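Engineer: Attaching a single structure in structure tokens format; questions to follow.
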Amino acid sequence: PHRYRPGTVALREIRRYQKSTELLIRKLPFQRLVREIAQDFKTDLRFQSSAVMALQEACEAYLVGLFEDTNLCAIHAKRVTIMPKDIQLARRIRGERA
Amino acid sequence: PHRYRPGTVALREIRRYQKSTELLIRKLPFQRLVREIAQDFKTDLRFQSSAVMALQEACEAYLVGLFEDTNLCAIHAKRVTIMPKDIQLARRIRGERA
Amino acid sequence: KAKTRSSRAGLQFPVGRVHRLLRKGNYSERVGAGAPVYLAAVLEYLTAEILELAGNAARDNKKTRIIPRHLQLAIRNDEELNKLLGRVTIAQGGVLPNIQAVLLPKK
Amino acid sequence: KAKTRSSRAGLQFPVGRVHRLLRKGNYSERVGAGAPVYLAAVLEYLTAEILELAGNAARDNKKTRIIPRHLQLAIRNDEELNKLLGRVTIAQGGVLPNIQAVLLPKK
Amino acid sequence: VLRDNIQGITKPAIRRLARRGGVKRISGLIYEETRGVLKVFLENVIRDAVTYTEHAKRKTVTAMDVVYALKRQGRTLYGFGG
Amino acid sequence: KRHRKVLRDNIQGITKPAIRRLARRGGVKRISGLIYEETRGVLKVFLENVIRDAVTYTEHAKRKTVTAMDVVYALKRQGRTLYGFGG
Amino acid sequence: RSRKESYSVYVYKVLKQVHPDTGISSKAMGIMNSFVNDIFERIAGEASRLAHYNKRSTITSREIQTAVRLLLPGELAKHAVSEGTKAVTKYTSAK
Amino acid sequence: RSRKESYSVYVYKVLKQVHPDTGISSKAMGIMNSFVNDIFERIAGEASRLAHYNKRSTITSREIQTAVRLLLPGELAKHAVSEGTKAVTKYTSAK
Amino acid sequence: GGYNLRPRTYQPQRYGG
DNA sequence: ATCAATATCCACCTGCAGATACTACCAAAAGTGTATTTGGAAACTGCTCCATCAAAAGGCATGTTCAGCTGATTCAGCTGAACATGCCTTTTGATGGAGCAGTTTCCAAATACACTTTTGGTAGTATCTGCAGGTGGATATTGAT
DNA sequence: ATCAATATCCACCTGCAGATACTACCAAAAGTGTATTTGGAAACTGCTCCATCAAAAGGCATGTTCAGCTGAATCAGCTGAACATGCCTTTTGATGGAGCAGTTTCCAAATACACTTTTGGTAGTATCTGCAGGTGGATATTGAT
Ligand SMILES: [Mg+2]
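Residue numbers (my numbering), protein chains in the order written: chain A, 101 to 198; chain B, 101 to 198; chain C, 2 to 108; chain D, 2 to 108; chain E, 8 to 89; chain F, 320 to 406; chain G, 879 to 973; chain H, 879 to 973; chain I, 923 to 939.
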């Protein structure tokens, strides 16, 4: 009975997912979330397939960059765990609010 | 002889300067600095006095902005003293540097 | 019977001027009769929103003449004007009084 | 009797097209003879620079076909391309391997 | 077994995005926070896209609607046109 | 003629106290001794960038005088748009 | 003495409509001038592009209006769009 | 069934001069299209602004140059300007 | 190929490496 | 150390998705020949920017002193990482029609011109006035005790 | 919770700097009101490609066990704040010198424009093959002992 130690699989995922380029959210959940948010601006809306993917590409890129700046704010406070306050500080200095 | 404790004049100064709008850099040093840098790009250059003041206004607004962001960085680290690592983290998250 | 387009439209803001600046600024080949009228109105609406709020900063600080500081307090204290002008520096405007809580003394 | 303004200028990039895109773009009333030659050169140059380094990155993955991921590795590994494209997402480009030192295990 | 479309953006998915960002350890409050930020991103972009759609008197959001939107929100995307 | 006096080390004329006041407006209460050098570097880079572009506009105009408008276009390019000097 | 033209005269008219007893320093007028020129470019720019994006060659009150919806935030958009619709409709129905 | 222009033909020709035994995916060719169009817009835009600032009706080789100087970082700018004067040299020397 | 490419290309210095 | 569980790495294989190549058709670039527009070259302003200097507040440099902040150390408790299963959600692949876009048609709208009229800028002049900068004196804040 | 040092507040009281407001005034611009051009909304229709909807497939929700991370408490060293003291350098406000922006007038190049001739680049299509899987077996890494 053999069990990997906290944060060893983490590094692996890091190396894995920094090597790949596949989108990392499942398409349908996201397609649903787009049409929802979009319903609120104009009803009965249709979406080119390339429209939705352009959005997922942009959205995932954004979040991955935010996690990078978030991670630097965590590491700056002498932690290794990202917390809301790291996400919040990254958005504040980036000028996304406050 | 009666001392103010460390911090009390710092907060007095925060209140005073946050209330006012006068430039905080001496005019002439700043004008020299401008002349040096411009000279180093192109000799025989001259400046409308308003150009220098536009630069001074832009420089001070920038540096004051950077100190807000920098201070957020110190506090995120549970300090109240800004250090160079704070300015650098701020400029990285502003995307002024890699 | 010379009427300005300004006057035709019910605007202080100069519709002629705005028509011309859209001409000379090579934004498009041709410029609809509506465009300059709608732009001059928007420009005028926004300059009115700022002057209203700056006028109030002016009176609050016991003053009669709006100075840049009054424009800064107006813009920075309005969530919407502050976003429209978040990458704009107001010469001689200063900043909003704001000290981070943890920096104040005592327990 | 005809000879493309490109073949004259020494360029794979369409001086002709660039010239038309400059007209149908409302950049200016008129367009100097050289401006499209220049502009076309610059776009060719910058294409070569990326396609060069993308080539080099494709070659390191034991690959003959350049993919998005190759363009991304070339651009973010180059201080000047990476600045020029500072606010640009390459779809299907992923990121540069980078693990902050302090996240590395102790032994 | 019905749930919100946002919760569709699952803890494991959000964990993978973080990992691509080089994150080793993640607080449980991150997942709700991330969903918040994502919703605002999509809100801001889809709103501009749709505005382009309405302008062109169309009932279908095109890839160009999104690319033009991303541009003006300062997130220029490459490889979907423009 | 007279030729200009040599300009060197003029950065050092952004004194410790001028930087303390800027930080104070920034809401800063305490300041590491290393901050003043770091700040002078950040300011030199900022000025260089803006003056480089302002001077580019001067040269392309075929003038020998840097105008307030050259600086204002330089600041607009740089995403540091400035109100109160024209444009 | 080559006539350098501004938006001052109009900014003042509007000052006098909202705060009849209030003045404006020339610096503060300097700033309002920069502000008008700035929002002018931003709207004309978005309009230019919007037209281009739709293989049109005319900037109409229809392009300005979408420009305004893109550039201004919620409430300033709402009101801005009113005043402009009003001004247009009027100008049209005043001929 | 209408003509959808791109730069692909020209990207591919430069690819071959630079890496004659190297291909390029649809999705990568997309990204080089985006790229050219983007720098086209940035350079043409700054050139437009320059001409406007100096009250000029014309974007010449000079405006493109100055724009390139403002927009490209350090080395990229120098090499871009050389490649750019060269092509304008070759073309002024063609009967 | 027949292009005046850059002789040397430097990497950007990342904050935190 | 040893010992094994699991991850990782390289060589070879091979079906087809996704390239490269090929062709005819035509939109759009080039060629020629007048049709306009411009952007220096020369030649003068006045504006304003450099310079240099004298006198004096005003802020800068430096040294001393110790309050209290940073950061190293230790430690307990909680909070995220890991992991073993099946079920529920997504992914895949196969049809009906919304609606994009293709295109021509003609009119309401926008341009082009050259008149006439009025606005908004400025220079000049005076004419007024809000407020900056100063000065007491009454009042608040901070830190010792 | 008393007290004293010293910072701050506010109401007076000036002299302009800078605002406001005349001119008269004109020059450029905006407007007027036909003469000419054309861009875009209109309506029709075809044919993508987008929404839907039902079998194929792995990814995710789940709850448990605990490694090790976060943050709390403590403490000592020493960095940065305060401030006193001495005085250099900036601010201020003149004067004279001229460099250089900024105008305004000839144009000979330079680019637009209208029309024709040509062909480069696109869209079907029609082949070709790079490489993403997949397998097999060697070796490295990690964590238990
Ligand atoms: Mg020098």
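Every residue, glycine too, gets a C-beta built ideally from N, C-alpha and C.
Helix, strand or coil for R126 (chain A) per DSSP?
Structural biologist: The count along the first sequence starts at 1 and reaches residue 126 (chain A) at position 26. Three-state DSSP puts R126 (chain A) in coil, outside helix and strand.
Engineer: Report the three-state DSSP secondary structure of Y402 (chain F) (helix, strand or coil).
Structural biologist: What you label residue 402 (chain F) is simply residue 83 of the sixth sequence in a count that begins at 1. In this structure, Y402 (chain F) counts as strand in the three-state DSSP scheme.
Engineer: CB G29 (chain E) to CB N62 (chain D), shorter than 8 Å?
Structural biologist: Counting from one through the fifth sequence, the residue named residue 29 (chain E) turns up at place 22. Counting from one through the fourth sequence, the residue named residue 62 (chain D) turns up at place 61. Contact flag unset, no.
Engineer: Would you check if the distance between the CB atom of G11 (chain C) and the CB atom of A929 (chain G) is smaller than 8 Å?
Structural biologist: Here the question's residue 11 (chain C) lines up with position 10 in the third sequence. Here the question's residue 929 (chain G) lines up with position 51 in the seventh sequence. Not a contact, by the Cβ cut-off of 8 Å.
Engineer: Using CA coordinates, which residue listed in H:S880, H:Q895, H:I902 and H:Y885 is at the minimum distance from residue 1 (chain D)?
Structural biologist: For chain D, the structure presents residues 2 to 108; residue 1 (chain D) sits outside this window and is missing.
Engineer: Buried or exposed for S120 (chain A), going by 16 or more other Cβ atoms inside 10 Å?
Structural biologist: Residue 120 (chain A) sits at position 20 when you count from the first residue of the first sequence. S120 (chain A) is exposed by the Cβ-count criterion.
Engineer: What does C173 (chain B) touch in chain F if you count any residue whose Cβ is under 9 Å from its own?
Structural biologist: Here residue 173 (chain B) corresponds to residue number 73 of the second sequence, with the count starting at 1. Those within 9 Å of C173 (chain B) in chain F number zero; the least Cβ separation is about 11 Å.
Engineer: Less than 7 Å between the CB of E136 (chain B) and some heavy atom of ligand 1, yes or no?
Structural biologist: For the purposes of this step, residue 136 (chain B) is taken as residue 36 along the second sequence, with counting starting at 1. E136 (chain B) Cβ: within cutoff of ligand 1.
Engineer: Given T170 (chain B), which residues of its chain have a CB within under 6 Å of its CB, disregarding the five upstream and five downstream residues?
Structural biologist: Start at 1 with the first residue of the second sequence, and residue 170 (chain B) comes out as number 70. Taken in chain order, the residues that qualify are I182, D186, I187 and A190.
Engineer: When burial is assigned at 16 or more other CB atoms within 10 Å of the CB, is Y925 (chain I) buried or exposed?
Structural biologist: What you label residue 925 (chain I) is simply residue 3 of the ninth sequence in a count that begins at 1. Label assigned to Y925 (chain I): buried.
Engineer: Could you pull out every residue in the same chain whose Cβ sits closer than 8 Å to the Cβ of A174 (chain A), ignoring the five residues on either side in sequence?
Structural biologist: Taking the first residue of the first sequence as 1, we reach residue 174 (chain A) at position 74. So the qualifying residues of the chain are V180, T181, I182, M183 and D186.
Engineer: In the DSSP assignment, find the unbroken beta strand (DSSP E) run with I91 (chain D) in it and report its ends.
Structural biologist: What you label residue 91 (chain D) is simply residue 90 of the fourth sequence in a count that begins at 1. Segment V89 to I91, the beta strand (DSSP E) holding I91 (chain D).
Engineer: What first and last residue would you give for the alpha helix (DSSP H) that runs through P951 (chain G)?
Structural biologist: Position 73 of the seventh sequence, counted from the start, is the residue given in the question as residue 951 (chain G). Here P951 (chain G) belongs to no alpha helix (DSSP H), and DSSP marks it neither H nor E.
Engineer: Determine the extent of the alpha helix (DSSP H) in which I68 (chain C) is found, giving its start and end residues.
Structural biologist: The count along the third sequence starts at 1 and reaches residue 68 (chain C) at position 67. Looking at the DSSP string, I68 (chain C) is not in any alpha helix (DSSP H), and its letter there is neither H nor E.
Engineer: Name the two residues that bound the continuous alpha helix (DSSP H) containing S8 (chain C).
Structural biologist: Taking the third sequence and counting its residues from 1, the one referred to as residue 8 (chain C) is at position 7. First-last of the alpha helix (DSSP H) with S8 (chain C): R6 to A10.
Engineer: Helix, strand or coil for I16 (chain E) per DSSP?
Structural biologist: The residue given as residue 16 (chain E) occupies position 9 in the fifth sequence. Three-state result, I16 (chain E): coil.
Engineer: Out of F:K348, F:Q331 and F:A380, state which residue places its alpha-carbon closest to the alpha-carbon of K933 (chain H).
Structural biologist: In the eighth sequence, counting from the first residue as 1, residue 933 (chain H) sits at position 55. The residue with the shortest Cα to Cα distance from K933 (chain H) is F:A380.
Engineer: Among the candidates D:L86, D:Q73, D:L44 and D:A49, whose CA atom is the shortest distance from the CA of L97 (chain D)?
Structural biologist: To locate residue 97 (chain D), count along the fourth sequence from 1; it is residue 96. When only C-alpha atoms are compared, the closest one is D:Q73.
Engineer: Under three-state DSSP, which class holds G35 (chain E)?
Structural biologist: Your numbering for residue 35 (chain E) matches position 28 in the fifth sequence. If DSSP states are grouped into helix, strand and coil, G35 (chain E) belongs with coil.
Engineer: On a CA-only basis, which of D:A49, D:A3 and D:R77 is nearest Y888 (chain H)? Give me that one, please.
Structural biologist: The residue labelled residue 888 (chain H) in the question sits at position 10 within the eighth sequence. Nearest C-alpha to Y888 (chain H): D:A49.
Engineer: Hey, could you find the ends of the alpha helix (DSSP H) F918 (chain H) is sitting in?
Structural biologist: Walking along the eighth sequence from the start, residue 918 (chain H) turns up at place 40. Start and end: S904 to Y931.
Engineer: Under 9 Å Cβ-Cβ, which residues of chain H neighbour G33 (chain D)?
Structural biologist: For the purposes of this step, residue 33 (chain D) is identified with residue 32 of the fourth sequence, where counting begins at 1. The answer, in chain order, is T936, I937, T938, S939, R940, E941 and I942.
Engineer: Would the beta-carbon of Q139 (chain B) be found less than 7 Å away from any heavy atom of ligand 1?
Structural biologist: As a first step, residue 139 (chain B) is located in the second sequence; it is residue number 39 there, counting from the start. Checking the Cβ of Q139 (chain B) against ligand 1 gives yes.
Engineer: Determine which residues of the region 85-96 of chain C have a Cβ less than 9 Å from any Cβ of chain G, and write them out in chain order.
Structural biologist: The region 85-96 of chain C vs chain G, Cβ under 9 Å: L85, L86, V89, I91, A92, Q93 and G94.
Engineer: Consider the C-beta atom of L44 (chain C) and the heavy atoms of ligand 1; say whether any pair is separated by less than 7 Å.
Structural biologist: On the third sequence, position 43 is the one that residue 44 (chain C) refers to. For ligand 1, not one heavy atom lies less than 7 Å from the Cβ of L44 (chain C).
Engineer: Output the boundary residues of the alpha helix (DSSP H) element that contains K891 (chain H).
Structural biologist: Here the question's residue 891 (chain H) lines up with position 13 in the eighth sequence. Element bounds for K891 (chain H): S886 to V896.
Engineer: Any heavy atom of ligand 1 inside 7 Å of the beta-carbon of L893 (chain G)?
Structural biologist: By 1-based counting over the seventh sequence, the position of residue 893 (chain G) is 15. For ligand 1, not one heavy atom lies less than 7 Å from the Cβ of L893 (chain G).
Engineer: At a cut-off of 7 Å, is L124 (chain A) close to ligand 1 when judged by its beta-carbon and the heavy atoms of the ligand?
Structural biologist: Here residue 124 (chain A) corresponds to residue number 24 of the first sequence, with the count starting at 1. No.
Engineer: Who does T67 (chain E) pair with in a DSSP beta bridge?
Structural biologist: Counting from one through the fifth sequence, the residue named residue 67 (chain E) turns up at place 60. Partner(s): A:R146.
Engineer: Got a sec? Which residues, its chain only, sit under 8 Å from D140 (chain A) by beta carbon, not counting five neighbours each side?
Structural biologist: Start at 1 with the first residue of the first sequence, and residue 140 (chain A) comes out as number 40. For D140 (chain A), where only same-chain residues beyond five positions count, there are no Cβ hits under 8 Å.
Engineer: Can you pull the DSSP bridge partners for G901 (chain G)?
Structural biologist: Within the seventh sequence, the letter at position 23 stands for residue 901 (chain G). Answer by DSSP bridge pairing, in chain order: C:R66.
Engineer: With respect to the alpha helix (DSSP H) encompassing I100 (chain D), which residues constitute its N-terminal and C-terminal limits?
Structural biologist: Sequence index remark: in the fourth sequence, residue 100 (chain D) carries index 99 (1-based). Looking at the DSSP string, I100 (chain D) is not in any alpha helix (DSSP H), and its letter there is neither H nor E.
Engineer: Tell me where the alpha helix (DSSP H) around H20 (chain C) begins and ends.
Structural biologist: By 1-based counting over the third sequence, the position of residue 20 (chain C) is 19. Run containing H20 (chain C): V16 to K25, per the alpha helix (DSSP H) assignment.
Engineer: Which residues, in order along the region 25-37 of chain E, keep a beta-carbon less than 8 Å from a beta-carbon of chain D?
Structural biologist: Within the region 25-37 of chain E, the residues whose Cβ lies closer than 8 Å to some Cβ of chain D are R27, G28, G29 and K31, listed in chain order.
Engineer: Inspect the beta-carbon positions of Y355 (chain F) and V89 (chain C) and report whether they are closer than 8 Å.
Structural biologist: Along the sixth sequence, read from residue 1 onward, the residue named residue 355 (chain F) stands at position 36. Along the third sequence, read from residue 1 onward, the residue named residue 89 (chain C) stands at position 88. Not in contact: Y355 (chain F) and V89 (chain C) (Cβ atoms no closer than 8 Å).
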